[PDB]
Structure formats: structure tokens, C-alpha cells
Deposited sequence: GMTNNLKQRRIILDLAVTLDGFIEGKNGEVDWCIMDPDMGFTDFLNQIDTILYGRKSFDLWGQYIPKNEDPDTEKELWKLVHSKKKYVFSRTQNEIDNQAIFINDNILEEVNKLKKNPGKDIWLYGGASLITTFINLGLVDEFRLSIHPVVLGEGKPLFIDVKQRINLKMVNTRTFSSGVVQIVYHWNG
């Protein structure tokens, strides 16, 4: 008989992305994002116990119909998103990030949603910390904005696991890394 089980915990991105690869407009526009009832978002929430936010995403989106009762039922964890006024970009200590993420992964629990904002997401991808990419690719080309993939140093090969199409023309592809 079984004496122990470890299901390894996963950090998961679940987001809308444009066809030209932007998760958000250049001034934070997300009007083009489409919430569809069949995206498996309730079922995705049930598979997570934690949500990661950087300070700027937490202070805006992070504390406020039924989806929001589930969302806010999750344990919330907040990273620093210092703004460097030199170049007006987010600045992180990557060693702190890895320490904090490992401290979390040490604990028992289910999966972890990396919520935002855009700069923190990007940083997690480039630290090799995202296990699963649930990408709702919208039938729009924004022309400019905040990219999902930026400052990528080598090829990231992915495994496609799910492909889902909606009446809206949105195609969700789920990739495991």
C-alpha cells in the first residue's frame, strides 16, 4: 500500500494573448480580451490553491461575480515590483524571487497561478519558472503592447497538450514546458 504521494506543484500562466504576442496593450489595454464561459476557468481555479502577484497587480486587480469568490478564496502571495526610474522599467532581484518561489514549493498544496503583472510574468518565464502556458490567443493584431515573450536567450521548446476553439475565434493552446 501507499505510504506517501507527492504531486509536484506547478506554476501556471493562464492568460489572453494577441495573435502578435501581446498580453496587454502598451498603456495596459485589455479591452480586446474575451471571457468565455467554456475556457475551463472554474476548473482551472479548483486545481490551484495559490495566486502570485507583483505589488502593482495586487494593488489594482488583487482584492476586488462567482469567479471572483473563487479567485479571492485562493491564498494570495505578493512579490516586489520596484520601478527603476532610470529606464522606467521593473527591476527585480532574481535570487530573492527563486528563494521565495522555492519556500512556497516546499509547502504541501495544489497548483499556483502566476497572475501578473506583465513584467513579473516575463521574469518568471526567463527564470525558467513557468510549467504550463494556458494561452488564449485572440483573433487580433494589436501592433504594439506588452509581449508575453521578451528578452528570451535560447529557444524554449514546448509540448502542446490542449487545443480549444470558441465561437469568438479565440483558440486556447495549452503548452507544458
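- Comparing the deposited sequence with the modelled residues shows gaps at 65-74, 188-189, with numbering starting at 1.
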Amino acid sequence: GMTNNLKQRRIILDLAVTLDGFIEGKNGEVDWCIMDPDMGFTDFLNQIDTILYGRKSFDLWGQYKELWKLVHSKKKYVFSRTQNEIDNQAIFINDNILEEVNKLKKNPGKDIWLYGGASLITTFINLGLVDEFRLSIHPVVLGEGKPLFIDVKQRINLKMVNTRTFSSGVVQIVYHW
From here on, numbers count along this sequence of modelled residues.
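- Between 110-118 and 55-63, it is 55-63 that carries the larger average Cα temperature factor according to the deposited entry.
- Taking only CA atoms, the mean B-factor in the PDB entry is higher for 99-107 than for the other of 80-88 and 99-107.
- Per the deposited record, 70 carries the highest C-alpha B-factor of all listed residues (141, 130, 70, 137).
- When all modelled residues of the chain are sorted by CA temperature factor, residue 154 is found within the highest third.
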